Each structure stands twice: as C-alpha cells, then as structure tokens.
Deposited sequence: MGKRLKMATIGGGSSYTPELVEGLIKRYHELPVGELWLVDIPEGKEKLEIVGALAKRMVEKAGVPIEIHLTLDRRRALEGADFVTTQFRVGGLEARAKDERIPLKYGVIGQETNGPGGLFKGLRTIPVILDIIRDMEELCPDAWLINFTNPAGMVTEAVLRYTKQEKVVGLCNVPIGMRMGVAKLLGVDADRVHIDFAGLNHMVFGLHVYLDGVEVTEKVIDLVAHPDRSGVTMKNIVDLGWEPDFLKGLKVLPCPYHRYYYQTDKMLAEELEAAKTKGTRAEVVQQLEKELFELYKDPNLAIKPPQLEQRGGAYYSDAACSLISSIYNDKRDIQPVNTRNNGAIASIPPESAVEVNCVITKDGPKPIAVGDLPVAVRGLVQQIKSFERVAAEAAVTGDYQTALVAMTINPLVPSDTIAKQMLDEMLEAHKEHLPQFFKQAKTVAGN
C-alpha cells in the first residue's frame, strides 16, 4: 500500500493533484496521503486538506488524508514524495519580479535575476529535505515541481547521492495540447520530440500519427513569432523563449502590468486570495500535476510509455554534460525515467541552451556554498543581465531583500 508525502501541502494547486489520483486510482493504490506545510502556512493547509478530504469521500476512493507540520513523520517510510511548495511565499515572488524592474531588466519568476534568487532561497531546502529522506525513506522517489525545476534538478544530481529524482513542467504538455489545437486534432495523435532544459525546451520534431509534420505545423504558427525566424529555426520554441528571442517585448509586458493589474505574482495573489475562499466550503497557472500523476503512475506500474521529464542526461544530448540535468523524452520505468537519445541540440539553438546550463550550475553552487563571489558570477553571465555593474546592484539589493531565506550568505 502506497504512502505519498507532499511538501507545500497548503498550495493553490493541491486540489488538482488529489483529483488526479482520484481519476487514476485504479492503477495507483494510494493508501495514505500526507500534506506538509510550514507554520506560516498552517491556515491554508488546514483549509484545502478538508476539501481534499471531501473530494475523496465524494468519489468512494479510500484515500486517507493526513495533514501535518511535522514533515519528518510524513516521510517515515514514504514511497513517493512530491514537492510543490514555494519558499518565501508569493510575497517573495513579488520581490523577484519588481526589483529587476528598476533596472530595465526582466523580473520574471524563473528566468534572469528572479530565477537566481528563487534557487538560492529554495534548493537549500530541497537538499535539506533529501537529507531527511536518506533516513526516513531511502527507497522513495522524489518527484519535483517546485521551480526552477531545471535548476533544482541539477542541484540534486551535483550535490546529492539521490539517484531517484524527477522534475516536471507543464510546458511540454502545453506545447502538445498545443500543436493539437493547431492541427485541430485529437491530442494523442500528436507526439513531439522534446529536447532541452526546463523552461528552455524545444520541440525538435512533430508527428501526426507517426508521420513528421513539423514543417507544416511551424508554418501554422503564423504570442507571435516571426515567420522567417521560426521557419528558419526548423524547431518549435517553448513559451519561455520569448524571454530570449523576443526580449524587449517582454520587458514591455512586465513594465505595463506593474502600473496596472500589478505584477504577475501580485495578480496571482488576489486570484489566489479569493480562490481559498471557495475552498472554505461548498483554473489557471498550471497542469503541473496532470503530468505528475501520469508519471507517478507509469513509474509504479512500469508502463514504459513516453513522457518528457527532467533527469540525468547520460549523453542523451551531446553538448550537455552526462552528469547534468536535461528535459527530454523518457521511457518511463520502475527503475526510473530512461532518456531516449537526441544526439545533440540543433546548432542554432545549441549555444543558448549551453548558456542556461552554465547559469543553473553556477547558481546552484552559490546557493550551497553561500559564496557572494559565485552568486555575482551567476547573474553577470546570465543572458538577461547587461553588465557586471547592474548585476552587482540587483544582487546586493535582492540579497538584502531575502536575507531571511538566504542565511548561507551571512
């Protein structure tokens, strides 16, 4: 009987997960399910925990909902572990998205400057959690959604013995969903060759019933990409690529929404503020756990289907280290995901992905050594930072901004 533990129990997305297991219970015999959160989130936990406990009873599935704060008990022989928390809360994402704004620089949640400090705050906690699993459940799996998944994944590989780790995004299932509606066709008649890193993944090839239709799909993309650029690239870009191929335009959006709706996080907070109110008794942001259940299932069941996840490269992509973390199509087995080969990333886009790995790597190191000097190198080399100078300012400032979460620097 399966025991599952989730950290970030009081999340906005928590019901999407418990629904997912309900729809897929026949093959996923989940016994206990534990929801963990931290003291400054106890309220939101105890709210959706009941809604979970309600969704369950209304479906006749015998899933026991366990709510707790003593994380260490929820790991006591866990079988699978999911992580959907956000360190520093939404209030922290607000800082990440406005401090860059002063400087003309992107203030997104997982790219540029914000992404860096999202990691510095977070991946200590990830390693902190694993240091517990090595005592409470060393055979357990770590399935991870806490962003930046592609950097958090790289931490675990570089700084931990944990070989059992997987990361998820909704960018892949998004792009599929996706080119389906572009061809106006039942989605599972479409399969895409993914390769790249998280929030930096490409659709290398597109098949409709096994026949490549990548060219014809690309022509139909004319969120707007230049025809000649996209046609000439011969691959299909991720939504986060506008941050690198359409930078000024983006930038535009981050500026204007600040005056108006507020920042994305700010906009998020309200929508999230009033969403808990629904949860208090008797639709945007992610699918992150419709793609999480598919994975937890296939692993458990050894289904050996093909899903795009984050795992050890092992040479799937030539230019990325074998010991590093990529986001590619994997055969999904009980021993883990298993990368299908790619060869290398296409020339045109090979360097920019190389540019992001370097950033994740240096960022991951600083988050763990706590070394100011490393963190500064991290921002400056990032492609959404113009100068060492500006870099130093945002760094010195955002350091101070999240002092509470960044002890390793003091």
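Taking the first deposited residue as 1, the stretches without any C-alpha atom are 1-3, 226-239, 300-310, 439-447.
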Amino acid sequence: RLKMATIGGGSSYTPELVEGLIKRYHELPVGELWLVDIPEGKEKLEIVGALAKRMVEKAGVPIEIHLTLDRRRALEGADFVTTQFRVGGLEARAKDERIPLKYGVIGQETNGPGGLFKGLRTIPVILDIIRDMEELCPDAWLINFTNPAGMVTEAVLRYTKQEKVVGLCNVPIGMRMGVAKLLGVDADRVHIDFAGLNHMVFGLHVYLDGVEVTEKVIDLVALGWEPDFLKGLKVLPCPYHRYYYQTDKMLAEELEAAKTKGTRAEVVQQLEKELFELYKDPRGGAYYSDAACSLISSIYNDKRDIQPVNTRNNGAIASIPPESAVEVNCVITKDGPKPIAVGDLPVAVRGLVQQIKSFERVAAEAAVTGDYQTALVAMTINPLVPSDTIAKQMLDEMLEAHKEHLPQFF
From here on, numbers count along this sequence of modelled residues.
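According to the PDB record, 133-141 carries the higher mean C-alpha B-factor of the two stretches 133-141 and 308-316. Per the PDB record, of the two stretches 28-36 and 340-348, 28-36 carries the greater mean B-factor over its C-alpha atoms. If you compare the C-alpha temperature factors of 262, 196, 322, 112 in the entry, 262 comes out highest.
Of the candidates 154, 327, 290, 302, it is 290 whose Cα B-factor is highest according to the PDB record. Among the modelled residues of its chain, residue 64 has a C-alpha B-factor that falls in the highest third, as given in the PDB entry. Residue-level temperature factors show residue 181 in the middle third of its chain, judged at the C-alpha atom. When the modelled residues of the chain are ordered by their C-alpha B factor, residue 50 lands in the highest third.
In the deposited entry, the Cα temperature factor of residue 270 places it in the highest third of its chain's modelled residues. When all modelled residues of the chain are sorted by CA temperature factor, residue 158 is found within the lowest third.
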